[PDB]
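Right, one structure below, let's go through it.
So you know, we letter chains A, B, ... as the sequences are listed, proteins then strands, and number each from 1. All values below were derived from every heavy atom in this structure, side-chain atoms included, with hydrogens, water molecules and symmetry-related copies excluded.
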Amino acid sequence: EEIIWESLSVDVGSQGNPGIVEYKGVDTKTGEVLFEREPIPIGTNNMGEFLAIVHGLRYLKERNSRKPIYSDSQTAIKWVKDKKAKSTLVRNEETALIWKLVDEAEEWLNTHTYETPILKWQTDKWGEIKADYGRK
RNA sequence: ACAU
DNA sequence: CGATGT
Ligand SMILES: [Cl-]
Ligand SMILES: [Cl-]
Ligand SMILES: [Cl-]
Ligand SMILES: [Mg+2]
Ligand SMILES: [Mg+2]
Ligand SMILES: [Rb+]
Ligand SMILES: [Rb+]
Ligand SMILES: [Rb+]
Ligand SMILES: [Rb+]
């Protein structure tokens, strides 16, 4: 209904899908960029959205912050809830890095706790999430 | 259909 | 127009 302004917003950006993937997290209220991942040569939109949420969880936990996380990705929200990224991307030498990061993010979820609410950013009502890359 |  | 996902 209403935006929770005291939150972290995350989003993926890419060049192609599959293609070069990056992600970032921003303060929803101010747009300040709080973290940005260096581009990964091949990944999917959904793998990047998943990594962005998990990085957000780790970032907030390290800082003892109870803020929620907004994501626009129905898929990634579910994958984090399930602790399992059900990507179709081929596992081969070209995709080794993205898959290593996804495997490591799942591993973190299976070995740590968090209370962070993971909320759907309601793009249809609110416009683009504040972490968006402005590329579409 | 919906979400990217 | 193409892709990734539930
Ligand atoms: Cl990562
Ligand atoms: Cl909340
Ligand atoms: Cl959702
Ligand atoms: Mg997104
Ligand atoms: Mg975006
Ligand atoms: Rb802590
Ligand atoms: Rb975009
Ligand atoms: Rb979107
Ligand atoms: Rb589809």
Side-chain angles (χ1 to χ4, degrees):
Chain A
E1 177 62 326
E2 276 230 309
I3 294 162
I4 299 171
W5 289 101
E6 189 175 304
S7 59
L8 170 68
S9 292
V10 302
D11 200 20
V12 74
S14 85
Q15 299 155 241
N17 184 33
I20 301 173
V21 168
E22 62 194 309
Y23 64 76
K24 65 175 191 281
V26 307
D27 188 310
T28 304
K29 182 182 321 190
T30 65
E32 181 191 359
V33 181
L34 299 177
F35 57 83
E36 262 194 302
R37 168 65 208 204
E38 177 183 292
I40 299 148
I42 303 290
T44 69
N45 65 324
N46 292 325
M47 304 170 86
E49 296 278 21
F50 173 77
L51 294 176
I53 296 170
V54 180
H55 194 90
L57 291 170
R58 300 180 69 166
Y59 176 94
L60 294 170
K61 187 179 181 74
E62 182 73 25
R63 292 161 179 77
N64 295 309
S65 174
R66 293 172 51 82
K67 285 176 180 185
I69 293 169
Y70 278 114
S71 169
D72 62 30
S73 172
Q74 186 182 114
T75 298
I77 292 173
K78 183 185 185 302
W79 285 358
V80 171
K81 180 177 179 172
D82 296 336
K83 304 189 175 195
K84 188 71 199 178
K86 196 171 171 178
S87 181
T88 67
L89 185 70
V90 64
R91 274 187 197 257
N92 63 22
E93 308 98 317
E94 297 175 3
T95 65
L97 176 55
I98 192 84
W99 269 116
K100 175 166 186 285
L101 292 174
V102 167
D103 290 344
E104 291 168 346
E106 296 178 344
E107 191 65 27
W108 188 90
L109 293 172
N110 283 320
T111 52
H112 297 76
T113 65
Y114 66 85
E115 297 187 338
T116 305
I118 301 171
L119 308 179
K120 177 71 169 77
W121 181 264
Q122 296 185 46
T123 304
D124 57 338
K125 301 174 190 175
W126 303 337
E128 289 287 333
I129 197 166
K130 293 270 288 268
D132 181 56
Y133 281 78
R135 298 178 182 177
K136 310 185 314 294

**Asked** Does A:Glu106 use its side chain to pair, donor to acceptor, with the backbone of A:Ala85 at less than 3.5 Å?
**Response**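 Yes.
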Notebook entry, point to check: Just by modelled atom types, is the A:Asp72 backbone N or O under 3.5 Å from a matching donor or acceptor in the A:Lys120 side chain?
Noted result: yes
In whole angstrom, what separates [X]'s [atom1] from [N]'s [atom2]?
{"X": "A:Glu128", "N": "B:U4", "atom1": "CD", "atom2": "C1'", "value": "10 Å"}
{"X": "A:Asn17", "N": "C:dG5", "atom1": "CG", "atom2": "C1'", "value": "10 Å"}
{"X": "A:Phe50", "N": "B:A3", "atom1": "CZ", "atom2": "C1'", "value": "17 Å"}
{"X": "A:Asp132", "N": "B:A3", "atom1": "CG", "atom2": "P", "value": "15 Å"}
{"X": "A:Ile98", "N": "C:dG5", "atom1": "CD1", "atom2": "P", "value": "10 Å"}
{"X": "A:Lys84", "N": "C:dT6", "atom1": "NZ", "atom2": "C1'", "value": "17 Å"}
{"X": "A:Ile77", "N": "C:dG5", "atom1": "CD1", "atom2": "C1'", "value": "13 Å"}
{"X": "A:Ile53", "N": "C:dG5", "atom1": "CD1", "atom2": "P", "value": "14 Å"}

Are any of the side-chain nitrogens in A:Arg58 or A:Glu62 under 4.0 Å away from the carboxylate oxygens of its partner?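 A salt bridge is absent here (no side-chain N lies under 4.0 Å from a carboxylate O).
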Notebook entry, point to check: Among C:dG5, C:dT6, B:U4, which is the nearest nucleotide to the side chain of A:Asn45?
Noted result: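 So the side chain of A:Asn45 is nearest to B:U4.
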Check the phosphate of [N] against [X], side-chain N and O only, distance under 4.0 Å to OP1 or OP2. Yes or no?
{"X": "A:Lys120", "N": "B:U4", "answer": "yes"}
{"X": "A:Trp79", "N": "C:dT6", "answer": "yes"}
{"X": "A:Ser87", "N": "C:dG5", "answer": "yes"}
{"X": "A:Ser73", "N": "C:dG5", "answer": "no"}

Exercise. A:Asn46 near the nucleic acid: base, sugar-phosphate alone, or nothing, with a heavy-atom cut-off under 4.0 Å?
Worked result: base
Requested in this report: Select base, sugar-phosphate, or nothing to describe what A:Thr123 touches, counting heavy atoms under 4.0 Å on all strands.
Outcome: sugar-phosphate
Taking the six-membered ring for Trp, are A:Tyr23 and A:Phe35 parallel (under 30°), tilted (30 to 60°) or perpendicular (over 60°)?
perpendicular
- [ ] Kindly write out the residues that satisfy side chain to side chain contact (heavy atoms under 4.5 Å, CB included) with A:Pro41, not counting sequence neighbours, or none if the list is empty.
- [x]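 Counting only residues at least two positions away or on another chain, A:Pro41 forms a side chain to side chain contact (heavy atoms under 4.5 Å, CB included) with A:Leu97.
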